[PDB]
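Asker:
4 protein chains.
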Amino acid sequence: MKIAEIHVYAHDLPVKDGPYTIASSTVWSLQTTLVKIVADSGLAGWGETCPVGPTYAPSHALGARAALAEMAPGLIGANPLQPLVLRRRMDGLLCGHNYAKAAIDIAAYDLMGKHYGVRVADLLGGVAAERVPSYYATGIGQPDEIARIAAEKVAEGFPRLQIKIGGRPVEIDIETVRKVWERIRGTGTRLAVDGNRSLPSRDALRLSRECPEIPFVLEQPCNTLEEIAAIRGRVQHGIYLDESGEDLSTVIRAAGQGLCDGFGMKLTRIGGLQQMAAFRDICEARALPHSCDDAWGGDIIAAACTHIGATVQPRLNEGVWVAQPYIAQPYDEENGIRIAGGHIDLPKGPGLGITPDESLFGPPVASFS
Amino acid sequence: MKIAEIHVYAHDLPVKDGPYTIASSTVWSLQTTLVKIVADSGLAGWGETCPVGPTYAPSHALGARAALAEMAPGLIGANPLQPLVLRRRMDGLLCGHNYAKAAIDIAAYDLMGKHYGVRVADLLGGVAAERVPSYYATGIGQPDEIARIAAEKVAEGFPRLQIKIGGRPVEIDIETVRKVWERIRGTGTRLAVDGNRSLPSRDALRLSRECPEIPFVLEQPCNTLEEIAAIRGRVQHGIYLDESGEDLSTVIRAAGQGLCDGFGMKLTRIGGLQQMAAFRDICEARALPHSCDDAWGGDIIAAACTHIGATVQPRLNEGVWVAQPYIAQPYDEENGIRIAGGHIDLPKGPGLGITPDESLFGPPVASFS
Amino acid sequence: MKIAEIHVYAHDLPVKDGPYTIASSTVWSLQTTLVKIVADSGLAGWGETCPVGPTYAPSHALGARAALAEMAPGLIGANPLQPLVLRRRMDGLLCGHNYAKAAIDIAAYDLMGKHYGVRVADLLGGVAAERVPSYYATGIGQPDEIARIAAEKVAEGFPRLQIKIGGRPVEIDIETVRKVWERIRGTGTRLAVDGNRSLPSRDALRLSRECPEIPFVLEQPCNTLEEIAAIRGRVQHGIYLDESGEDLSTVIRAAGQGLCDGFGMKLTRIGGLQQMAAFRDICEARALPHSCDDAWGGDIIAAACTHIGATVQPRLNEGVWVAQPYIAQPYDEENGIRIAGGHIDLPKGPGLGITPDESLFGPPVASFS
Amino acid sequence: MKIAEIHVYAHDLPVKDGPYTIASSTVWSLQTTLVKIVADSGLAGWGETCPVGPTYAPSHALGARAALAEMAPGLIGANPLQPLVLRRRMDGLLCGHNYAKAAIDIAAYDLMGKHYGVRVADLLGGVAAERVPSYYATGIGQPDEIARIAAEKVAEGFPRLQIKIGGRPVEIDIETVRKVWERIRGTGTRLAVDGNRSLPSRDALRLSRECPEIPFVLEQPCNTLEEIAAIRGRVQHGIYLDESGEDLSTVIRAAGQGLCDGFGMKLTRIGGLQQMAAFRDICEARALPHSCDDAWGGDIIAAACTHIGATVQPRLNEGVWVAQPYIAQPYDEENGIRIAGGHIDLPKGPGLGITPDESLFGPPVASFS
Ligand SMILES: C[N+]1(C)CCC[C@H]1C(=O)O
Ligand SMILES: C[N+]1(C)CCC[C@H]1C(=O)O
Ligand SMILES: C[N+]1(C)CCC[C@H]1C(=O)O
Ligand SMILES: C[N+]1(C)CCC[C@H]1C(=O)O
Ligand SMILES: [Mg+2]
Ligand SMILES: [Mg+2]
Ligand SMILES: [Mg+2]
Ligand SMILES: [Mg+2]
Ligand SMILES: [Mg+2]
Ligand SMILES: [Mg+2]
Ligand SMILES: [Mg+2]
Ligand SMILES: [Mg+2]
Ligand SMILES: [Mg+2]
Ligand SMILES: [Mg+2]
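Residue numbers (the authors' numbering), protein chains in the order written: chain A, 1 to 369; chain B, 1 to 369; chain B', 1 to 369; chain A', 1 to 369. A prime marks a further copy of an entry chain.
Structural data, given as structure tokens:
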């Protein structure tokens with residue numbers, strides 16, 4: 001089988017009741033990029049990449065489309081049923097840009113699943129769970145307000161909460177953490193506190209030192225892995241990497257040298273499902289819990305995250321985060337990804353189990369044949 | 001789909017022109033263990049595990065059969081199309097015993113390939129090369145005799161040689177290395193020198209120190225990874241791990257802490273194809289060349305090694321070693337694995353591409369349903 | 001003063017006597033991106049960024065233009081005479097993408113120099129030398145052909161040569177190094193050998209071990225800084241970082257932990273002149289020799305590299321590499337950067353000292369006001 | 001342009017309501033040294049260096065004047081518009097003595113700013129803030145007395161307090177810290193506790209161990225960087241370096257090896273504004289908060305500190321400390337540096353924005369032409 005066509009789409013995603021405030025990025029609307037790969041036979045697979053604002057990570061919508069434009073001509077004729085060979089071919093056309101490569105990777109897995117009549121999770125090792133936990137991530141806000149939302153989302157069924165902090169005096173972050181804990185203690189809910197690269201080591205040290213009785217993991221408190229490695233021995237809370245986990249090589253360093261206790265991992269950042277599966281296997285060998293998330297996006301990226309999420313050993317699964325609650329219009333009205341009771345059901349159909357309504361996207365902004 | 005039956009077989013393989021002498025194991029004949037998994041549909045898949053004598057590694061033929069007998073009843077009804085789920089189910093029945101688990105893993109991949117109409121290499125990421133390099137491993141012997149054999153094997157087309165050493169005064173090993181190099185220098189042939197756990201650090205240091213102009217990698221010179229880690233900074237030849245690479249966790253330590261420059265990796269030791277693919281991905285991220293080998297065995301294990309080997313980035317592929325030259329009777333005379341010109345052509349059919357003449361194996365020593 | 005307009009240009013530069021072969025990138029023509037910043041006063045400054053093919057580094061021409069388009073609207077009204085404030089403003093609009101940010105940075109320095117009537121080198125600490133050394137980088141090729149070219153370039157007056165290697169059996173690289181040394185020994189010519197991320201540690205170890213009598217520095221032998229850190233203690237030749245030196249934070253790690261002995265540093269990679277000056281100061285504090293280069297490009301980027309190069313302590317200056325010998329048409333035929341006798345004379349006028357014939361560039365692909 | 005004359009002045013600064021008590025130095029009056037550089041054109045720039053007693057650091061007033069006398073003849077004819085070239089010229093005349101070199105560096109930046117018509121901050125990267133935070137540093141005193149002063153200075157508007165400790169039993173220091181915290185908790189005021197090289201590791205360990213709920217950073221608790229590195233892993237409060245930060249090389253060690261969480265940095269110690277800017281850039285890359293201070297002195301050194309302070313990323317700016325509150329007579333009655341509301345306004349004029357009344361200083365004690 002061979003790739004005959006590649007189509008790139010641009011589509012807007014307004015944030016319901018926005019904005020969503022991360023210490024590194026405040027977003028009111030998101031520009032997603034969809035990719036459709038069409039085989040010689042006419043069979044199609046879909047991929048998606050949607051950076052969460054241009055300042056969260058070294059990625060942006062215009063950049064995704066430029067990277068896809070660079071690679072697409074060189075991918076016509078490739079075998080989409082060989083995800084590792086396909087990844088190497090992409091590497092031969094463009095260095096880096098994992099967030100764009102991931103959209104091609106995902107579309108190829110979708111296509112492969114449809115061709116063989118198999119769910120993507122069953123091409124990645126097998127479904128370990130049909131119902132996948134999610135987690136709720138609060139935007140930065142006022143301490144009492146965030147504590148209220150925390151309680152609300154626990155009641156909805158989320159087994160884990162992530163509280164975003166930073167970009168303001170750390171005593172306000174600490175007050176927020178204490179107030180959230182007062183609401184959720186005794187509910188069996190797991191807690192993560194995400195600094196999103198924004199805390200100097202001075203403040204990360206203080207946050208952990210002041211709160212030994214509060215069982216958070218501290219997610220990406222500082223900007224660089226170098227800073228995190230420097231503070232780790234002085235911090236008695238588990239530390240998770242997120243933004244620092246840019247590639248498999250960095251994951252190997254972190255796990256092999258004992259630099260973290262877990263990960264928030266984004267599928268587009270690591271470069272797609274082929275790489276994400278290897279990441280999963282590394283974490284399982286070292287009992288490092290992790291999530292399977294992305295920055296943002298609709299049914300296509302959400303389904304990809306859910307499929308890899310469904311393969312994770314349940315005791316290590318910190319959840320699959322999706323943007324669905326903030327997105328008004330699903331691409332697949334029948335079988336799109338939906339959070340229910342703080343969890344996500346894996347789609348039943350072959351491939352990703354998603355069939356997007358292309359008419360929602362408008363005509364492609366770029367087509368390659 | 002579900003596993004309906006599991007059949008375990010004992011089969012003998014005497015060494016042509018034996019014995020084969022490893023510093024840790026001398027063998028005149030080998031006892032292999034075959035596994036047949038039968039689905040409800042009637043479709044079957046094959047696996048194999050064959051320790052190279054009982055002293056090379058913590059594994060033996062009677063042990064392989066004991067481990068399989070322990071796990072088999074608990075695997076009836078499992079979905080054979082989910083290799084990671086299947087591995088976890090095995091872990092729930094028996095701790096360790098990767099060499100036995102690998103036989104089930106391989107049979108599952110064979111079954112998956114047959115069911116979907118796909119080659120096993122394509123289920124593991126894709127065929128990067130239809131023909132893979134092999135390497136010739138010499139036995140321990142007289143320096144000039146080993147040098148003659150080395151020259152002969154280069155003339156046959158082997159792109160790499162592994163010279164076994166140890167178990168005698170190291171000056172004889174050094175003379176062997178020097179005489180081999182005299183005959184193969186300028187042929188572009190790669191060289192490995194394998195101590196097979198037998199050299200005290202005293203002698204590993206001496207071998208490297210005396211021969212800076214000879215471009216070998218030093219494979220498993222010392223018994224423990226601890227000894228290797230202690231000598232590495234004082235040894236200017238690349239060092240490869242073989243026997244020490246017992247699981248993915250150990251590979252993560254070695255790669256993440258920079259304890260070696262490559263691997264001789266055995267499929268059964270790491271626990272099968274699911275784990276081997278993860279191993280491959282770790283090595284590729286860090287440009288660590290490796291082989292895809294096993295201890296011994298016929299067409300089934302050989303085909304499994306060849307399939308994973310066919311997925312490796314060619315610049316990192318140190319070869320696929322197979323016991324075929326020492327085995328009188330192939331399981332599959334039409335499609336069985338054969339070395340030609342120091343290389344191995346990947347089988348072209350679905351699954352492993354191997355159809356063993358099951359009659360050769362005798363009745364099962366144990367059957368489960 | 002305020003930015004009134006920003007104009008982005010696409011322009012082609014085919015390689016004379018191409019292609020130019022790097023182990024990580026082979027190129028027959030280059031697409032450069034020019035930026036013109038216009039102040040309210042009407043005064044203009046120029047910047048440039050030109051990746052050397054899309055596979056050398058995580059940067060490409062379409063990406064440079066996407067990044068500039070993303071940032072430009074948010075820069076209208078900014079004070080162009082404040083390079084650090086301007087860099088922070090860019091960081092607030094787009095994460096990463098140093099190669100694109102560098103073009104804005106360079107245009108700002110050009111504008112500042114023109115406004116104050118000062119050469120850019122004097123804004124960066126002062127002209128230490130009116131004429132700076134360059135170095136010649138050979139392509140990958142036959143050992144004796146590369147040796148001939150090396151001899152020719154020494155006769156032209158180049159004080160340093162960089163021999164590119166990798167992407168083939170290392171014995172050929174070693175033969176190349178030996179044949180080059182045979183021809184240039186005793187001429188006082190400095191030697192670097194650049195693996196361009198392509199050597200497994202196995203081969204980097206071998207190259208150094210075999211050639212202690214040849215005084216090269218080994219530049220970016222391996223792909224990751226992690227691999228380089230692992231081999232450094234076993235390699236007795238100085239090791240320089242190039243591609244790994246992605247930002248000032250990484251330079252701080254490398255200098256502070258003693259991970260390298262020098263740098264091949266590219267202005268666009270580090271993010272522009274503001275960051276490059278800090279880099280220079282770090283290297284001077286630790287006596288780490290370095291070059292001031294870029295990936296490719298015409299008079300604008302070349303002049304920027306020459307200006308920072310002119311500020312470096314002469315004993316630490318490994319040279320300024322420019323693409324001029326491979327470029328048919330200069331932007332400025334009166335003052336453009338040219339190699340003469342293996343060295344480069346700094347332009348004498350204010351700003352970068354370059355007045356590009358803007359007509360050459362075509363209409364802007366994007367304009368902002 | 002060229003230096004035509006250098007004039008060195010001696011001037012006394014009585015401590016208002018003295019003495020000021022540091023654990024390493026008690027001072028009743030300070031001897032400052034002013035430097036005037038006059039260009040061929042007649043244009044002048046001013047610098048200043050004022051050690052805070054002869055025992056605080058390896059520097060003293062008689063030593064400043066001796067160092068300037070050594071260097072001045074060798075600086076006549078130099079280009080004062082090239083601060084890095086000028087620094088190298090000074091290094092070629094005298095090793096070390098940064099505190100004296102800094103006065104020349106500052107005078108040259110002043111001159112450069114006047115010549116180009118630009119504020120010194122805009123020659124160092126640009127004004128990031130017109131109003132710069134300061135911090136108040138209490139001398140050593142009785143616990144209740146210091147707590148009262150702490151409350152008073154918070155009310156005046158200082159966003160940060162530094163409490164000096166040491167030279168007495170540590171339980172008194174701990175009582176002081178607790179009493180200060182009781183007064184300032186809930187005011188959003190940041191806290192530093194400065195041991196000024198005086199605590200044995202025994203007592204630094206105790207101070208941190210006993211007070212996890214008090215959010216100080218521990219500034220230079222021990223005498224040597226070696227002692228600080230030894231205790232750092234056992235101390236859960238952020239540790240800042242001050243006296244140990246003697247040069248850029250030491251800063252590179254501290255940041256690269258993760259030996260501290262921030263700095264109190266003195267402009268004269270680091271060697272002037274050229275070096276201070278590089279220091280600032282290193283800290284910004286690693287999110288290490290820092291102050292921009294000096295040991296003591298009037299309008300000239302204060303303005304230099306304010307100018308570099310105005311370029312610091314606001315979230316990393318721990319403040320600019322100046323001696324103004326303790327100095328009765330400003331050099332520039334109109335535009336001298338004044339603390340107002342715990343903050344300092346950047347002068348508006350070119351150069352440092354300061355014009356000293358030379359008649360206050362008396363005739364030069366040494367003149368060079
Ligand atoms: C909550 N998230 C999964 C969504 C956007 C950022 C990310 C995180 O930083 O964890
Ligand atoms: C060469 N071999 C693959 C064959 C058996 C042992 C093994 C080795 O020690 O490398
Ligand atoms: C020689 N160069 C400056 C030119 C392009 C790549 C580069 C280098 O790798 O060093
Ligand atoms: C408070 N100070 C800025 C002024 C003199 C000493 C110094 C300090 O040690 O932090
Ligand atoms: Mg719950
Ligand atoms: Mg996160
Ligand atoms: Mg077509
Ligand atoms: Mg050959
Ligand atoms: Mg071996
Ligand atoms: Mg010469
Ligand atoms: Mg290079
Ligand atoms: Mg206040
Ligand atoms: Mg201090
Ligand atoms: Mg004179």
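For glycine and all other residues, C-beta sits at the position ideal for the given N, C-alpha and C.
1) Starting from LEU218 of chain A' and walking both ways along the beta strand (DSSP E), at which residues does that stretch end?
2) For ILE6 of chain B', which of B':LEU13, B':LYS36, B':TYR20 has the nearest alpha-carbon?
3) Measuring CB atoms only, is the region 295 to 307 of chain A' touching the region 267 to 277 of chain A', in the sense that at least three cross pairs come out at less than 8 Å?
4) Alpha carbon to alpha carbon, how far is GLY126 of chain A' from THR49 of chain B'?
5) Step through the CB atoms of chain B and report whether any lies within less than 8 Å of the CB of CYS222 of chain B'.
6) Residues in the same chain with beta-carbon distance under 8 Å from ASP332 of chain B, minus the five sequence neighbours each way, listed in chain order, please.
7) Should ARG202 of chain B' go down as buried or exposed, given a rule of 16 or more other Cβ atoms within 10 Å for buried?
8) Among the candidates B':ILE3, B':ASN317, B':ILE282, B':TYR20, whose CA atom is the shortest distance from the CA of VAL132 of chain B'?
9) Once DSSP output is grouped into helix, strand and coil, what is the label at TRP296 of chain B?
10) With DSSP as the reference, label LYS2 of chain A' as helix, strand or coil.
11) What does a CB cutoff of less than 8 Å around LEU84 of chain B' pick up in its chain, not counting 5 residues either side in sequence?
12) What residues of chain A' sit near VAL120 of chain B', judged by a beta carbon separation below 8 Å?
13) When burial is assigned at 16 or more other CB atoms within 10 Å of the CB, is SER59 of chain B buried or exposed?
14) Does ligand 6 have a heavy atom nearer than 7 Å to the CB of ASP293 of chain B?
15) Against chain B', does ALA287 of chain B count as a neighbour if the rule is that its beta carbon must be under 8 Å from one of theirs?
16) Over what stretch of residues does the beta strand (DSSP E) that includes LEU241 of chain B' continue unbroken?
17) Would the beta-carbon of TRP181 of chain B be found less than 7 Å away from any heavy atom of ligand 3?
18) Whose C-beta lies closer than 6 Å to the C-beta of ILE184 of chain A among residues of the same chain, with five residues either side of it excluded?
19) Quick check: what's the CA-CA separation for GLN82 of chain A versus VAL118 of chain B?
20) Would you give the residue range spanned by the beta strand (DSSP E) that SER29 of chain A' belongs to?
21) Please list the terminal residues of the continuous alpha helix (DSSP H) segment that includes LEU205 of chain B'.
22) Using a Cβ-Cβ cut-off of 7 Å (strictly less than) and excluding sequence neighbours within five positions of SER41 of chain B', which residues of its own chain qualify?
23) In angstroms, rounded to a whole number, what distance separates the CA positions of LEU225 of chain A' and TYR135 of chain A'?
24) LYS114 of chain B': buried (16+ other C-beta within 10 angstroms of its C-beta) or exposed?
25) Shortest alpha-carbon distance to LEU68 of chain B' belongs to which of B':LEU93, B':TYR56, B':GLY53, B':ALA121?
26) Could you please tell me which residues of the region 79 to 102 of chain B, in chain order, have their CB closer than 8 Å to any CB of chain A?
27) Tell me whether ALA4 of chain A counts as near ligand 7, meaning its Cβ is closer than 7 Å to at least one heavy atom of that ligand.
28) If you draw a straight line from the C-alpha of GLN257 of chain B to the C-alpha of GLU284 of chain A', how long is it?
29) Return the residues of the region 196 to 224 of chain A' that lie within a Cβ-Cβ distance of less than 8 Å from chain A, sorted by chain order.
30) Quick one: using the 10 Å Cβ neighbour count with 16 as the cut-off for buried, is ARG168 of chain B' buried or exposed?
31) Taking Cβ-Cβ distances shorter than 7 Å, what residues in chain B' pair up with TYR56 of chain A?
Answerer: In short, the structure shows the following:
1) Bounds of the beta strand (DSSP E) holding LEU218 of chain A' are 216 to 219.
2) Ranked by how close their Cα comes to the Cα of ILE6 of chain B', the residues B':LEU13, B':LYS36, B':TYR20 have B':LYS36 in first place.
3) The region 295 to 307 of chain A' vs the region 267 to 277 of chain A': in contact.
4) The C-alpha of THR49 of chain B' is placed about 24 Å away from the C-alpha of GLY126 of chain A'.
5) Taking 8 Å as the CB threshold, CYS222 of chain B' lines the interface with chain B.
6) Correct list, in chain order: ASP299, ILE354, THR355, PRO356, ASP357.
7) Under this definition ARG202 of chain B' is a buried residue.
8) Comparing Cα-Cα distances from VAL132 of chain B' to each of B':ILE3, B':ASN317, B':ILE282, B':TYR20, the minimum goes to B':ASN317.
9) DSSP, reduced to helix, strand and coil, places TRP296 of chain B outside both helices and strands of the structure shown, so it counts as coil.
10) DSSP places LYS2 of chain A' in the coil class of the three-state scheme, outside both helix and strand.
11) Cβ neighbours of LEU84 of chain B' within its own chain (closer than 8 Å, five residues either side excluded): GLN274.
12) Within chain A', no C-beta atom comes nearer than 8 Å to that of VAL120 of chain B'; the closest sits roughly 13 Å away.
13) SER59 of chain B comes out buried.
14) The answer is no for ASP293 of chain B.
15) Cβ-Cβ to chain B' under 8 Å: yes for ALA287 of chain B.
16) Segment 239 to 241, the beta strand (DSSP E) holding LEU241 of chain B'.
17) No, the Cβ of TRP181 of chain B stays beyond 7 Å of every heavy atom of ligand 3.
18) Apart from the 5 residues on each side of it in sequence, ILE184 of chain A sits with its Cβ closer than 6 Å to the Cβ of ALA150, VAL154 in its chain, given in chain order.
19) The C-alpha of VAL118 of chain B is placed about 11 Å away from the C-alpha of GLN82 of chain A.
20) Segment 29 to 39, the beta strand (DSSP E) holding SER29 of chain A'.
21) Residues 201 to 210.
22) Annotation for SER41 of chain B': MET1 place their beta carbon closer than 7 Å to its own, counting only its chain and skipping 5 residues before and after.
23) Using only the alpha carbons, I get a separation of about 24 Å.
24) Buried: at least 16 other Cβ atoms inside 10 Å.
25) It is B':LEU93 whose Cα lies nearest to the Cα of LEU68 of chain B'.
26) The residues in question are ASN79, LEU81, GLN82, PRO83, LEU84, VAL85, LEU86, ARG88.
27) Set against 7 Å, the gap from the CB of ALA4 of chain A to the closest heavy atom of ligand 7 is smaller.
28) In a straight line, the C-alpha of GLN257 of chain B is about 29 Å away from that of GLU284 of chain A'.
29) So the close ones are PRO212, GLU213, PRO215, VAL217.
30) Classification of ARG168 of chain B': exposed, given that the 10 Å Cβ count is below 16.
31) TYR56 of chain A reaches chain B' at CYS95, counting residues in chain order whose Cβ is nearer than 7 Å.
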